[PDB]
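Colleague: Below are the structure tokens for one structure; questions will follow.
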Amino acid sequence: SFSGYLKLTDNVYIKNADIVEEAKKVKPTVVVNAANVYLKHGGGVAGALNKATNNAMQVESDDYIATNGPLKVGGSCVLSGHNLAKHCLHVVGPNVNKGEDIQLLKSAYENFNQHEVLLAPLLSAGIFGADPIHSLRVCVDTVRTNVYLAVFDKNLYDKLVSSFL
Ligand SMILES: Cn1ccc(C(=O)Nc2cccc(C(=O)O)c2)n1
């Protein structure tokens, strides 16, 4: 089960950890991927999760896209968790580096409410370009289910905890 997490609110928890390593240890029911609309798991959390599945997540995702077309920014899809989790909830947060509307971050987090417990990264943080402090605030104000946030970067983790209102 989840260990070493700091409780932020009644339902949001945070830990300075590699989400891939957290997933392999916990094997949660749901691991959230920081996905793009095309499910092209190239870099950041998506690239790391996909590489941990030996590219099985990408093969599965390409078949999903061939059948269904791309996701919407703010949307999600449930696919296999492979060796990491029972399921992977691929959530598309807005990518600020691609000029996408930051207001879609709340819609993206609403996808977590369909799952009772999730292991997740901060949406739109990292290479997506949004302020991680803002992402954590939208997370605690939007997600009502139990979310265990894994923040890879130690310095960012410390900044997030020390600035949490
Ligand atoms: C105001 N602003 C926008 C972006 C940032 C910012 O510090 N982003 C950032 C930088 C380094 C790592 C990570 C991460 O999620 O791993 C995120 N600050």
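Going through the structure tokens in order, the chains are called A, B, and so on, while each chain numbers its residues from 1 and the ligands are numbered from 1 in the order shown.
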How would you write, as a ChimeraX atom specification, the set of residues no farther than 8 Å from ligand 1 when counting only C-alpha atoms and all ligand atoms?
Modeller: /A:122,125-127,129-133,151-153,156
Colleague: Can I get the selection written as a compact mmCIF listing (two decimals), in the first residue's frame, with N, CA, C and O atoms?
Modeller:
# COMPACT_ATOMS: atom_id res chain seq x y z
N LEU A 122 1.30 15.61 -10.89
CA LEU A 122 0.60 16.89 -10.97
C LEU A 122 0.33 17.17 -12.44
O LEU A 122 1.26 17.19 -13.25
N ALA A 125 2.12 19.93 -15.10
CA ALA A 125 3.40 20.35 -14.51
C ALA A 125 4.56 19.83 -15.44
O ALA A 125 4.29 19.22 -16.50
N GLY A 126 5.81 20.12 -15.09
CA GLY A 126 6.94 19.65 -15.88
C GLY A 126 6.94 20.21 -17.27
O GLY A 126 6.68 21.40 -17.46
N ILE A 127 7.18 19.33 -18.27
CA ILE A 127 7.27 19.76 -19.66
C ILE A 127 5.95 20.33 -20.22
O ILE A 127 5.96 20.92 -21.31
N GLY A 129 4.47 22.80 -18.84
CA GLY A 129 4.68 24.23 -18.63
C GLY A 129 3.84 25.01 -17.66
O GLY A 129 4.07 26.22 -17.52
N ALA A 130 2.86 24.37 -17.01
CA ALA A 130 2.04 25.13 -16.04
C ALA A 130 2.79 25.25 -14.71
O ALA A 130 3.71 24.47 -14.44
N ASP A 131 2.36 26.22 -13.86
CA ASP A 131 2.96 26.37 -12.55
C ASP A 131 2.51 25.18 -11.68
O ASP A 131 1.31 25.03 -11.44
N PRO A 132 3.45 24.34 -11.18
CA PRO A 132 3.05 23.20 -10.35
C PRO A 132 2.29 23.58 -9.07
O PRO A 132 1.45 22.81 -8.61
N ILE A 133 2.57 24.77 -8.50
CA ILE A 133 1.85 25.22 -7.31
C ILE A 133 0.35 25.43 -7.68
O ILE A 133 -0.54 25.04 -6.92
N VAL A 151 5.72 13.45 -6.75
CA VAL A 151 6.43 14.57 -7.37
C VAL A 151 7.88 14.13 -7.45
O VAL A 151 8.50 13.87 -6.42
N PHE A 152 8.38 13.97 -8.66
CA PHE A 152 9.73 13.45 -8.90
C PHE A 152 10.84 14.36 -8.36
O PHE A 152 11.77 13.90 -7.70
N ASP A 153 10.72 15.67 -8.68
CA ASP A 153 11.70 16.71 -8.37
C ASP A 153 11.69 17.08 -6.88
O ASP A 153 10.70 17.64 -6.43
N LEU A 156 11.15 20.85 -6.22
CA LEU A 156 9.75 21.19 -6.47
C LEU A 156 8.88 20.66 -5.33
O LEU A 156 8.03 21.39 -4.84
Colleague: Quick one: residues within 8 Å of residue 6 (chain A), only C-alpha atoms counted, chain neighbours fewer than 6 positions away excluded, as a PyMOL selection string?
Modeller: chain A and resi 13-15
Colleague: Kindly export the residues of the current selection with C-alpha atoms, as an mmCIF file, in the first residue's frame.
Modeller:
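out.cif, written as the output of this step:
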data_model
loop_
_atom_site.group_PDB
_atom_site.id
_atom_site.type_symbol
_atom_site.label_atom_id
_atom_site.label_comp_id
_atom_site.auth_asym_id
_atom_site.auth_seq_id
_atom_site.Cartn_x
_atom_site.Cartn_y
_atom_site.Cartn_z
ATOM 1 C CA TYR A 13 -1.556 13.067 -0.292
ATOM 2 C CA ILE A 14 1.916 13.914 -1.649
ATOM 3 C CA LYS A 15 5.342 12.216 -1.775
#
Colleague: Please produce, as JSON lines, a per-residue contact table for region 92-148 of chain A versus region 70-80 of chain A (criterion: any atom at most 7 Å away, only C-alpha atoms considered), showing the nearest atom pair and its distance in Å to one decimal, sorted by chain then residue number.
Modeller:
{"residue": "A:92", "atom": "CA", "partner": "A:73", "partner_atom": "CA", "distance": 5.2}
{"residue": "A:93", "atom": "CA", "partner": "A:74", "partner_atom": "CA", "distance": 5.4}
{"residue": "A:94", "atom": "CA", "partner": "A:73", "partner_atom": "CA", "distance": 5.9}
{"residue": "A:104", "atom": "CA", "partner": "A:74", "partner_atom": "CA", "distance": 5.4}
{"residue": "A:105", "atom": "CA", "partner": "A:74", "partner_atom": "CA", "distance": 6.4}
{"residue": "A:107", "atom": "CA", "partner": "A:74", "partner_atom": "CA", "distance": 5.0}
{"residue": "A:108", "atom": "CA", "partner": "A:74", "partner_atom": "CA", "distance": 4.0}
{"residue": "A:111", "atom": "CA", "partner": "A:76", "partner_atom": "CA", "distance": 6.6}
Colleague: List as JSON, numbers by chain the protein and nucleic acid residues near residue 9 (chain A), meaning an atom at most 10 Å away when only C-alpha atoms are counted, but skip any in the same chain fewer than 6 places from it.
Modeller: {"A": [140, 141, 146]}
Colleague: Provide the CA of residue 139 (chain A) to CA of residue 163 (chain A) distance in Å, to one decimal place.
Modeller: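 About the pair CA of residue 139 (chain A) and CA of residue 163 (chain A): they are 14.7 Å apart.
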Colleague: Which is closest to residue 10 (chain A) among A:52, A:143, A:160, A:88, if we use only C-alpha atoms?
Modeller: A:143
Colleague: What's around region 19-36 of chain A at 7 Å? Count only C-alpha atoms, leave out sequence neighbours fewer than 6 positions away in its own chain, and write the answer as a list in words.
Modeller: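 Contacts, in chain order: residues 1, 2, 45, 46, 48, 49, 52, 81, 84, 85, 86, 87, 88, 89, 90, 91, 92, 118, 119, 120, 121, 123 and 150 of chain A.
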Colleague: Selection from above, N, CA, C and O atoms, as a PDB file, in the first residue's frame, can you write it?
Modeller:
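Once everything was written out, this is out.pdb:
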ATOM      1  N   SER A   1       0.839  -1.208   0.000  1.00  0.00           N
ATOM      2  CA  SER A   1       0.000   0.000   0.000  1.00  0.00           C
ATOM      3  C   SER A   1       0.890   1.281   0.000  1.00  0.00           C
ATOM      4  O   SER A   1       2.130   1.189   0.078  1.00  0.00           O
ATOM      5  N   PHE A   2       0.251   2.467  -0.159  1.00  0.00           N
ATOM      6  CA  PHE A   2       0.932   3.765  -0.198  1.00  0.00           C
ATOM      7  C   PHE A   2       1.613   4.091   1.136  1.00  0.00           C
ATOM      8  O   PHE A   2       0.964   4.050   2.180  1.00  0.00           O
ATOM      9  N   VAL A  45       6.486  12.257 -17.651  1.00  0.00           N
ATOM     10  CA  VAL A  45       5.863  11.111 -17.014  1.00  0.00           C
ATOM     11  C   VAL A  45       5.435  10.047 -18.052  1.00  0.00           C
ATOM     12  O   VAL A  45       5.659   8.864 -17.827  1.00  0.00           O
ATOM     13  N   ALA A  46       4.855  10.482 -19.180  1.00  0.00           N
ATOM     14  CA  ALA A  46       4.368   9.534 -20.206  1.00  0.00           C
ATOM     15  C   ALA A  46       5.492   8.667 -20.772  1.00  0.00           C
ATOM     16  O   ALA A  46       5.344   7.450 -20.874  1.00  0.00           O
ATOM     17  N   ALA A  48       8.356   7.993 -19.298  1.00  0.00           N
ATOM     18  CA  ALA A  48       8.855   7.137 -18.246  1.00  0.00           C
ATOM     19  C   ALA A  48       7.916   5.956 -17.983  1.00  0.00           C
ATOM     20  O   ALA A  48       8.382   4.819 -17.850  1.00  0.00           O
ATOM     21  N   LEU A  49       6.590   6.209 -17.925  1.00  0.00           N
ATOM     22  CA  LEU A  49       5.638   5.117 -17.688  1.00  0.00           C
ATOM     23  C   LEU A  49       5.681   4.130 -18.869  1.00  0.00           C
ATOM     24  O   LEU A  49       5.746   2.912 -18.663  1.00  0.00           O
ATOM     25  N   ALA A  52       8.714   1.939 -18.803  1.00  0.00           N
ATOM     26  CA  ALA A  52       8.570   0.898 -17.759  1.00  0.00           C
ATOM     27  C   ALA A  52       7.718  -0.280 -18.232  1.00  0.00           C
ATOM     28  O   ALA A  52       7.955  -1.408 -17.792  1.00  0.00           O
ATOM     29  N   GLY A  81      -2.989  -0.948 -17.192  1.00  0.00           N
ATOM     30  CA  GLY A  81      -1.869  -0.465 -16.396  1.00  0.00           C
ATOM     31  C   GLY A  81      -0.620  -1.301 -16.640  1.00  0.00           C
ATOM     32  O   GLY A  81       0.440  -0.995 -16.102  1.00  0.00           O
ATOM     33  N   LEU A  84       2.463  -2.011 -14.219  1.00  0.00           N
ATOM     34  CA  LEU A  84       2.529  -0.933 -13.256  1.00  0.00           C
ATOM     35  C   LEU A  84       1.315  -0.788 -12.340  1.00  0.00           C
ATOM     36  O   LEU A  84       1.453  -0.350 -11.195  1.00  0.00           O
ATOM     37  N   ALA A  85       0.126  -1.064 -12.868  1.00  0.00           N
ATOM     38  CA  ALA A  85      -1.150  -0.822 -12.178  1.00  0.00           C
ATOM     39  C   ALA A  85      -2.234  -1.723 -12.828  1.00  0.00           C
ATOM     40  O   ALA A  85      -1.979  -2.284 -13.902  1.00  0.00           O
ATOM     41  N   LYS A  86      -3.444  -1.824 -12.238  1.00  0.00           N
ATOM     42  CA  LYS A  86      -4.524  -2.558 -12.897  1.00  0.00           C
ATOM     43  C   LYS A  86      -4.897  -1.773 -14.195  1.00  0.00           C
ATOM     44  O   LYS A  86      -4.918  -2.346 -15.305  1.00  0.00           O
ATOM     45  N   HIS A  87      -5.069  -0.449 -14.045  1.00  0.00           N
ATOM     46  CA  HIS A  87      -5.403   0.453 -15.129  1.00  0.00           C
ATOM     47  C   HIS A  87      -4.515   1.662 -15.147  1.00  0.00           C
ATOM     48  O   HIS A  87      -3.974   2.072 -14.110  1.00  0.00           O
ATOM     49  N   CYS A  88      -4.422   2.281 -16.330  1.00  0.00           N
ATOM     50  CA  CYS A  88      -3.773   3.562 -16.484  1.00  0.00           C
ATOM     51  C   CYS A  88      -4.842   4.513 -16.959  1.00  0.00           C
ATOM     52  O   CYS A  88      -5.501   4.257 -17.979  1.00  0.00           O
ATOM     53  N   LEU A  89      -5.063   5.585 -16.192  1.00  0.00           N
ATOM     54  CA  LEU A  89      -5.986   6.622 -16.601  1.00  0.00           C
ATOM     55  C   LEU A  89      -5.143   7.675 -17.299  1.00  0.00           C
ATOM     56  O   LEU A  89      -4.386   8.393 -16.638  1.00  0.00           O
ATOM     57  N   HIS A  90      -5.217   7.736 -18.630  1.00  0.00           N
ATOM     58  CA  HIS A  90      -4.460   8.704 -19.410  1.00  0.00           C
ATOM     59  C   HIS A  90      -5.252   9.995 -19.396  1.00  0.00           C
ATOM     60  O   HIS A  90      -6.334  10.040 -19.986  1.00  0.00           O
ATOM     61  N   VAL A  91      -4.732  11.038 -18.713  1.00  0.00           N
ATOM     62  CA  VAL A  91      -5.422  12.319 -18.595  1.00  0.00           C
ATOM     63  C   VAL A  91      -4.653  13.387 -19.342  1.00  0.00           C
ATOM     64  O   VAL A  91      -3.455  13.505 -19.137  1.00  0.00           O
ATOM     65  N   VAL A  92      -5.338  14.165 -20.198  1.00  0.00           N
ATOM     66  CA  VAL A  92      -4.718  15.246 -20.951  1.00  0.00           C
ATOM     67  C   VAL A  92      -4.907  16.574 -20.256  1.00  0.00           C
ATOM     68  O   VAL A  92      -6.000  17.133 -20.288  1.00  0.00           O
ATOM     69  N   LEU A 118      -6.260   6.903  -6.682  1.00  0.00           N
ATOM     70  CA  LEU A 118      -5.331   6.987  -7.809  1.00  0.00           C
ATOM     71  C   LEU A 118      -3.938   7.372  -7.349  1.00  0.00           C
ATOM     72  O   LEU A 118      -3.793   8.155  -6.423  1.00  0.00           O
ATOM     73  N   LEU A 119      -2.919   6.834  -8.029  1.00  0.00           N
ATOM     74  CA  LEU A 119      -1.523   7.267  -7.924  1.00  0.00           C
ATOM     75  C   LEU A 119      -1.391   8.223  -9.131  1.00  0.00           C
ATOM     76  O   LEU A 119      -1.729   7.819 -10.258  1.00  0.00           O
ATOM     77  N   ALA A 120      -0.910   9.469  -8.926  1.00  0.00           N
ATOM     78  CA  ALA A 120      -0.910  10.422 -10.029  1.00  0.00           C
ATOM     79  C   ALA A 120       0.207  11.410  -9.991  1.00  0.00           C
ATOM     80  O   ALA A 120       0.650  11.778  -8.913  1.00  0.00           O
ATOM     81  N   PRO A 121       0.573  11.983 -11.150  1.00  0.00           N
ATOM     82  CA  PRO A 121       1.474  13.134 -11.138  1.00  0.00           C
ATOM     83  C   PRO A 121       0.635  14.433 -11.072  1.00  0.00           C
ATOM     84  O   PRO A 121      -0.594  14.394 -11.218  1.00  0.00           O
ATOM     85  N   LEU A 123      -0.953  17.368 -12.801  1.00  0.00           N
ATOM     86  CA  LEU A 123      -1.296  17.596 -14.203  1.00  0.00           C
ATOM     87  C   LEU A 123      -0.770  18.915 -14.710  1.00  0.00           C
ATOM     88  O   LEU A 123      -0.748  19.892 -13.967  1.00  0.00           O
ATOM     89  N   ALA A 150       2.725  11.798  -6.748  1.00  0.00           N
ATOM     90  CA  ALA A 150       4.152  11.525  -6.744  1.00  0.00           C
ATOM     91  C   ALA A 150       4.856  12.699  -7.455  1.00  0.00           C
ATOM     92  O   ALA A 150       4.549  12.959  -8.617  1.00  0.00           O
TER      93      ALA A 150
END
Colleague: Determine the nearest neighbour of residue 114 (chain A) from the options A:97, A:145, A:68, A:61, counting only C-alpha atoms.
Modeller: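 Among A:97, A:145, A:68, A:61, it is A:145 that comes nearest to residue 114 (chain A).
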Colleague: How many Å separate CA of residue 161 (chain A) from CA of residue 124 (chain A)?
Modeller: 18.0 Å
Colleague: Could you tell me which of A:134, A:83, A:38, A:50 comes closest to residue 102 (chain A) if we count only C-alpha atoms?
Modeller: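 Looking only at the distances to residue 102 (chain A), the closest residue turns out to be A:134.
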Colleague: Quick one: distance from CA of residue 148 (chain A) to CA of residue 101 (chain A) in Å, one decimal?
Modeller: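 Taking CA of residue 148 (chain A) and CA of residue 101 (chain A), their separation equals 25.3 Å.
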